Amino acid sequence: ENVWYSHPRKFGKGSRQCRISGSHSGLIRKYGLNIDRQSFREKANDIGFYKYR
Amino acid sequence: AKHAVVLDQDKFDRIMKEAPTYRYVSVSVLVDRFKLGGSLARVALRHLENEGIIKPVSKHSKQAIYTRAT
Amino acid sequence: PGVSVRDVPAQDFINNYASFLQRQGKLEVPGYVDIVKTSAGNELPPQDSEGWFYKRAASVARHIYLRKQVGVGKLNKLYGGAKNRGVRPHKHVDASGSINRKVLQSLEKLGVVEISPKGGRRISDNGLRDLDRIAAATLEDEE
Amino acid sequence: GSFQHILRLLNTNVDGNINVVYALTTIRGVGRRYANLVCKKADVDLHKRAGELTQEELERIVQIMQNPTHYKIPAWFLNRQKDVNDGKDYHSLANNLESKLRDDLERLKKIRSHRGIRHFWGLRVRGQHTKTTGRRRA
Amino acid sequence: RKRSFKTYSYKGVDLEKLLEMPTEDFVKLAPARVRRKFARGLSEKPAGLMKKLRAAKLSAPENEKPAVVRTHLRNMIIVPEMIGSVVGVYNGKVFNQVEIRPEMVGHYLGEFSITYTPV
RNA sequence: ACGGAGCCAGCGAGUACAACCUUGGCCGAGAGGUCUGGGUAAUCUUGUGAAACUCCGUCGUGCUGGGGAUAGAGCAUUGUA
């Protein structure tokens, strides 16, 4: 409704986000995952990652 | 500066006097007498390789050993 | 016999090639000679001053002979080396582009380099003659 | 031999013996790569000691030191450029340069800016962290 | 009589021309930062502010200072159209006054106030 | 240390709904401008011919050409800034 209600958020840390909740810190963007490093340890083997060595 | 680097014509007389008949001839040897210090000794040694006089052994930059021509 | 470039040592090859060019003086000069740093990171200019370019142009020609097709950006990366970027670790960045480009532009008109397909610069027929003649001349110097 | 040791050039000292460039670096303005650029115009050997020179070479060099755009320089190997309103460039290489910087520093103090305020107290200007650097001050 | 002090300006000849050379002519005679900034699109940067600065000199009481044009936009460079008016620079604690001059040219509004209280 | 000359690795990574890695060619003393591609990747960047090193020259034991901090002016680029 109001005119000014945004910023150029097409880059940096504020615009980027995870899939689960939306944390702006500790973000894995490798291979287009977008799941933060706390939840990645929980969901490693379901995706297919394993601790071989 | 500890002297013996400035170019003098009086010294150039005594370089040719003390050139022949020596075991050790190099950049390491001539600077011990307080002759042309550092690089000007290399230029002084470069004169003595042209017209015989003193013949070489090693041919490296920083390791330039020579010996008298028997 | 088997007269090739590889029998002559690579460092000794350029010495005979440099003197060959300075007799003629027909390899051409760009204009940036001795107003030059040489690379993107290099405190002192060229110590050789006179000659200099003829050493550079010879070493570019022999590398174009061995390989299929060499370019400008790769030659800058090959000649270029280390830096001293303040109080940090030493990095690697390309050398001067304007020097190595005008080597390739001038050698085309003299009669060495040729325009190849896809991308890069290969060798002419008359370019292989002058490479072998100086290689044969260097073979006579050794033997 | 031993022709002259100091040997002045625009009031500043130019010590005898040594070299072309590294004796000229004594001038408050000339450096380790400018004197080579100046020596290139006159065409003199860097191999020589340079304090023992011909008389014409000193006067030929000083003309190149004063005038930048006349002699063969690209006009981007200069110390200072652009001063006053809308126009030209110029530099200096003697006691002129040290005096020029003090007058040019007063311009920053007169306009009174973030640099000029910092220059009054003797603190770090270029956005450094002053929680460590230089435990002495001046 | 002619020269009082000296010309207060950028790099070269004389002052007089600066008063009647809006922005585009001023940008030509400037360093790398002002040229690159003004080359890009300035929308609501000199739009809202300049209408007050020009209108203040109409409303001024002849010879004395015009009214203070307060500024959140302290990223603006001092172009020579408004040499004479005062501007209020926002640190946080009140809009602080800055008197613009032809000496103060080619500089930002923020640097004539400073936001930390010691020195 | 400062010059040329010689010239060799392995782990990786990488856009099509975005703006990724980007050779080859021109402009430039640099940084970087631009025309073009190729690559969804033992296919194109890429042989990621990376450094330290090798070998002839320039300096030689002097806060020195070692060392690079503080400083000033401008030329570039990423960005609403």
- Out of the residues in region B:42-68 that are surrounded by 14 or more Cβ atoms within 10 Å (Cβ to Cβ) and near RNA strand F (Cβ under 8 Å from one of its atoms), which is farthest from the chain's Cα centre (by Cα)? B:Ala64
- Given (1) closer than 26 Å to D:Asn85 by Cα; (2) surrounded by fewer than 17 Cβ atoms within 10 Å (Cβ to Cβ); (3) among the aliphatic types (A, V, I, L, M); (4) in contact (Cβ under 8 Å) with a residue 24 or more places away in the chain, E:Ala39 misses just (4)
- Task: Those residues that are within 12 Å of another protein chain (Cβ to nearest Cβ) and small (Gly, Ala, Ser), I need them from region E:1-22; list them, please.
- Result: E:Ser9, E:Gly12
- How many residues does region C:20-48 hold that are part of a loop (DSSP other than H, G, I, E, B), more than 6 Å from RNA strand F (Cβ to nearest atom) and crowded, with 16+ Cβ neighbours inside 10 Å? 3
- Item | Unique match (being surrounded by fewer than 10 Cβ atoms within 10 Å (Cβ to Cβ) and on the phi < 0 side of the Ramachandran plot) among A:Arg29, A:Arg19, A:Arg53 | A:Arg53
- Message: Can you go through D:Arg33, D:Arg28, D:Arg115 and tell me which one is of a type in the set (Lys, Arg) and either touching a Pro at 6+ places or on another chain (Cβ under 6 Å) or away from RNA strand F (no atom under 11 Å from the Cβ) (or both)?
- Response: D:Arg28
- Task: Just need a number here: residues in region D:107-138 that are within 13 Å of chain E (Cβ to nearest Cβ) and either surrounded by 12 or more Cβ atoms within 10 Å (Cβ to Cβ) or among the β-branched types (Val, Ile, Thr) (or both).
- Result: 16
- Among the residues of region D:8-36, the number that are in contact (Cβ under 8 Å) with a residue 24 or more places away in the chain, part of a loop (DSSP other than H, G, I, E, B) and more than 14 Å from every other protein chain (Cβ to nearest Cβ) is 5
- Message: Restricting to region E:23-49, name every residue that is among the hydrophobic types (A, V, I, L, M, F, W, C) and away from chain D (no Cβ under 14 Å).
- Response: E:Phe38, E:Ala39, E:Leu42, E:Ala47, E:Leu49
- Message: Looking only at residues that are over 12 Å from C:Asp141 (Cβ atoms), without any contact (Cβ under 8 Å) to a residue 60 or more places away in the chain and part of a loop (DSSP other than H, G, I, E, B) in region C:1-19, which one is farthest from the chain's Cα centre (by Cα)?
- Response: C:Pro1
- Item | Number of the exception - C:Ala137 against (1) aliphatic (A, V, I, L, M); (2) surrounded by fewer than 17 Cβ atoms within 10 Å (Cβ to Cβ); (3) within 13 Å of RNA strand F (Cβ to nearest atom) | (3)
- Query: Hey, does region D:52-63 have a residue that's part of a helix (DSSP H, G or I), away from chain E (no Cβ under 14 Å) and either touching a strand residue (DSSP E or B) at 6+ places or on another chain (Cβ under 6 Å) or within 30 Å of E:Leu18 (Cα to Cα) (or both)?
  - Reply: no
- What is the number of the single condition among (1) over 30 Å from D:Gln81 (Cβ atoms); (2) in a helix (DSSP H, G or I) that E:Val27 does not meet? (1)
- Item | Residue, farthest from D:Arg32 (Cα to Cα), within region C:27-55, restricted to residues that are within 11 Å of chain D (Cβ to nearest Cβ) and among the acidic types (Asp, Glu) | C:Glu50
- Message: Just to be sure I understand, how many residues within region D:88-103 are within 12 Å of another protein chain (Cβ to nearest Cβ) and either near RNA strand F (Cβ under 10 Å from one of its atoms) or surrounded by 14 or more Cβ atoms within 10 Å (Cβ to Cβ) (or both)?
- Response: 2
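Here the Cβ is made from the backbone with ideal geometry for all residues, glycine too, and neighbour counts use every protein chain on show. Where a number appears in this text, it was derived from the coordinates with a stated rule and is not lab data.
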